[PDB]
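Undergrad: the data below comprise the sequence and an experimental structure of the protein.
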Amino acid sequence: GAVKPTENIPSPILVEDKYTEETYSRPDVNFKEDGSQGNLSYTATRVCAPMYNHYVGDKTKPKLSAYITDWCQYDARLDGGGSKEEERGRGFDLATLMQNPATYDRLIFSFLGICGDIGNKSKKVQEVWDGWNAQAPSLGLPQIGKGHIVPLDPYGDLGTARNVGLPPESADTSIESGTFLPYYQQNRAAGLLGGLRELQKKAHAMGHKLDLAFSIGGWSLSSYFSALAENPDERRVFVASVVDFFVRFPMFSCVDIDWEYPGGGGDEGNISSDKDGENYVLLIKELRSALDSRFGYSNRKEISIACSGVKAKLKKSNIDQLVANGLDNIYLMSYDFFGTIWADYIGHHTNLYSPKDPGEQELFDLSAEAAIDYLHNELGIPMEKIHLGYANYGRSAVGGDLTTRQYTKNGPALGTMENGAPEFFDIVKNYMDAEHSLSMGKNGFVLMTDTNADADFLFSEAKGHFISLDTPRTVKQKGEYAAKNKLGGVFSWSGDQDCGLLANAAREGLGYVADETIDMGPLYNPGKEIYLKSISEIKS
């Protein structure tokens, strides 16, 4: 039967947020929900209610992991701000997960930085490094130097209470770069580290094991990995500071090294070298050794690394040798395959399947399965070590043409906080209706399904806005692929940008069954079917 949306909203997702709405109207914003005016919405996450369903545990199914960043808690609009860009924040409230504490099997605190960093957050890394070294004599602790991991935001990590699930009296505004060291341990922390401690306890109290991991690096904090990995003295400082973090915060059981990426192809200011892959093997070997001598094999710590979803990049990371030398998990960052400014053609940014005649798959027509197949078939990596990412955000383009796949590379593309990046809670608010028992576009957008790659996107014809995103259908599809192929799991990039719909779709694709907040079943429909030709097909 052809499906029509319901007139009624059986399961409300959207919630009124005065601050978001006020921001749209500001003269430096002029955001109209059909994307016809200002291109940035600055929407807060408060626009969506928590939509998490509760699924029955099942030890035989792949895991669901999520990143949570330390800066998503902020939104200065809650304090009367918002005239400045930086005062409009996401405001993700961890209390939403305290109320649904079994939602994820693992949460990955992100991101720590490294002394030595020379990228855009170098001043902050330096501030904290200096701060640490100022405090250490009085605490009987030694000086730290290049290679040592550090928090980026001592207040957000250890001092806040709002949006981190803690009582207001736990907030401590005296915590800053020059004072945080005594509070840098599990029984003292407030901030997001305190909230994660508390979330993990709430999960345990209702029968759920929530693993906690911490990630070092990520896109903006990767500039110095190449140098520390080359220098055995600095490798030794890095490794010991990893061990030290686990000692400070024993609630963590895994460290994720998010070096993006060995051999280059990360941010262009990163140090890189053709020795990166071989030096990473040395770093993992030494880490695996240090962790296992310190904690042993029963109360064991795992090691995870970021892996590019581009074959040409991940080859530079010697991942077979990493596994041979003690690596536990490979987090496949199979997203950002398309983005405005840099890509020559509009495309899917996080598609699992390759289109017909996808070519070299270096700059376009990429897919998660191409990377997985290379990892498994050419490098012999067991599927169980690989975790498949899904994106809780789109990559958009303006001026898009679905026939030629050309677009306005330098145009103002829709986004929440940055050009071209509409985050999933903002997409649910403005461009995709999931509230009337069907997944469809709204405000002039049409939900489409590309039958070539089998991936979904939103398109609005007037200005040619194209938004590539993960939808409940494609996240369910990724979950199915992970369960069928016995991957280690799927993970959410980033958990704080979902309202629960994609976590639900992931659980259902992975084969978990509800023990509902929202009936996901009618939301898994394809959109308008179109055949987006691969670049090779267009060019021939």
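TA: Happy to help now that I have it. Numbering: from 1, shown residues only.

Undergrad: now for the spatially closest residue to residue 431 that is not a sequence neighbour: which residues touch it?
TA: Nearest non-adjacent residue to residue 431, counting by C-beta to C-beta, 6 or more residues apart in numbering: residue 445, 4.7 Å away. Quick note: C-beta positions are derived from backbone N, CA and C, even for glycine. Contacts for residue 445 were tallied using C-beta atoms under 8 Å, 6 or more residues apart in numbering; they are 34-35, 431-432, 458-460, 465, 467.

Undergrad: do the same with residue 394
TA: 349, 421-424, 427, 457-458, 467-469.

Undergrad: just the buried members of these?
TA: 349, 421-424, 427, 457-458, 467-469 (16 or more other C-beta atoms under 10 Å).

Undergrad: with respect to residue 191, which of the residues you listed is nearest?
TA: Residue 191 lies nearest to residue 423 out of the buried ones among the contacts of residue 394, by C-beta to C-beta, at 22.5 Å.

Undergrad: could you list the domains of the chain?
TA: What curated CATH domains lists as the domains of the chain is 1-52+399-469, 53-398+470-540.

Undergrad: for the residue lying closest to residue 340 once chain neighbours are set aside, what are its contacts?
TA: What sits nearest to residue 340 in space, not counting adjacent residues and going by C-beta to C-beta, 6+ apart, is residue 420, at 3.6 Å. Neighbour list for residue 420: 339-341, 395-397, 413-414 [criterion: C-beta under 8 Å, 6+ apart].

Undergrad: okay, among the residues you listed, which ones form the most distant pair?
TA: 341 and 414 (13.8 Å).

Undergrad: please identify the residue most distant from the middle of this structure.
TA: residue 138 (37.7 Å; C-alpha atoms, centre = their mean).

Undergrad: tell me how far that residue lies from residue 179.
TA: 11 Å (C-beta to C-beta, to the nearest Å).

Undergrad: re the thing from before, now the contacts of residue 445 in a markdown table, with secondary structure and distance to residue 134?
TA: Formatted as a markdown table, the contacts of residue 445 follow (DSSP: H, G, I helix; E, B strand; the rest coil; distance: C-beta to C-beta, whole Å):
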| residue | secondary structure | distance to residue 134 |
| --- | --- | --- |
| 34 | coil | 52 |
| 35 | coil | 48 |
| 431 | coil | 48 |
| 432 | strand | 49 |
| 458 | strand | 50 |
| 459 | strand | 54 |
| 460 | strand | 53 |
| 465 | strand | 49 |
| 467 | strand | 46 |
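
Undergrad: ok, of these, which come out buried?
TA: With burial judged by 16+ other C-beta under 10 Å, the buried subset of the contacts of residue 445 is 35, 431-432, 458-460, 465, 467.

Undergrad: got phi/psi on the residue lying closest to residue 104 once chain neighbours are set aside?
TA: Distance criterion C-beta to C-beta, 6+ apart; nearest residue to residue 104, sequence neighbours excluded, is residue 66 at 4.7 Å. Here is the backbone geometry of residue 66 (degrees, to the nearest 10): phi -150, psi 140.

Undergrad: now residue 538
TA: Torsion angles, degrees, to the nearest 10, at residue 538: phi -70, psi -40.

Undergrad: so it touches residue 402, yeah?
TA: No. The pair residue 538 / residue 402 is not scored as a contact, 11.2 Å apart, by C-beta atoms under 8 Å.

Undergrad: who has more neighbours, those two?
TA: Using other C-beta atoms under 10 Å, the more surrounded residue of residue 538 and residue 402 is residue 402, with 19 against 13.

Undergrad: I figured that one was touching residue 459, is that so?
TA: Yes. Between residue 402 and residue 459 there is a contact under C-beta under 8 Å: 6.8 Å.

Undergrad: which residues do the two both contact?
TA: Common neighbours of residue 402 and residue 459 (C-beta under 8 Å, 6+ apart) are residue 466.

Undergrad: picking that back up, give the contact list for the residue nearest to residue 104.
TA: For residue 66, counting by C-beta under 8 Å, 6+ apart, the contacting residues are 104, 106-108, 491-492, 494-495, 498, 503.

Undergrad: what about 7 Å?
TA: By C-beta atoms under 7 Å, 6 or more residues apart in numbering, the contact set of residue 66 is 104, 107-108, 491-492, 495.

Undergrad: residue 276 too?
TA: By C-beta under 7 Å, 6+ apart, residue 276 lies in contact with 226, 229, 262-263, 316.

Undergrad: mind doing that once more with 6 Å?
TA: Contacts for residue 276 (C-beta atoms under 6 Å, 6 or more residues apart in numbering) come out as 226, 262-263.

Undergrad: can you flag which of the residues you listed belong to helices?
TA: residue 226 (DSSP state H).

Undergrad: which of the contacts of residue 276 sits closest to residue 214?
TA: The closest of the contacts of residue 276, once distances to residue 214 are taken by C-beta to C-beta, is residue 262, at 20.1 Å.

Undergrad: how many neighbours does that closest one have?
TA: Neighbours of residue 262 using other C-beta under 10 Å come to 34.

Undergrad: same check on residue 144?
TA: 18.

Undergrad: what's the neighbour count on the closest residue to it other than its chain neighbours?
TA: In this structure, residue 144 finds its nearest non-sequential neighbour in residue 132, 5.8 Å apart by C-beta to C-beta, 6+ apart. Neighbour count of residue 132, defined by other C-beta under 10 Å: 23.

Undergrad: buried ones in the host helix or strand of residue 132?
TA: Counting by DSSP states H and E, the element that carries residue 132 is helix 122-139. By 16+ other C-beta under 10 Å, the buried positions in helix 122-139 come out as 122, 124-129, 131-133, 135.

Undergrad: just the residues contacting it, thanks.
TA: 113, 115, 117, 143-144, 150, 152, 177-178, 181.

Undergrad: same thing with stretch 531-540?
TA: 355-359, 364-365, 450-452.

Undergrad: change it to 10 Å
TA: For stretch 531-540, the external contacting residues (C-beta atoms under 10 Å, 6 or more residues apart in numbering) are 344-348, 354-360, 363-365, 402-406, 448-453, 455, 457.
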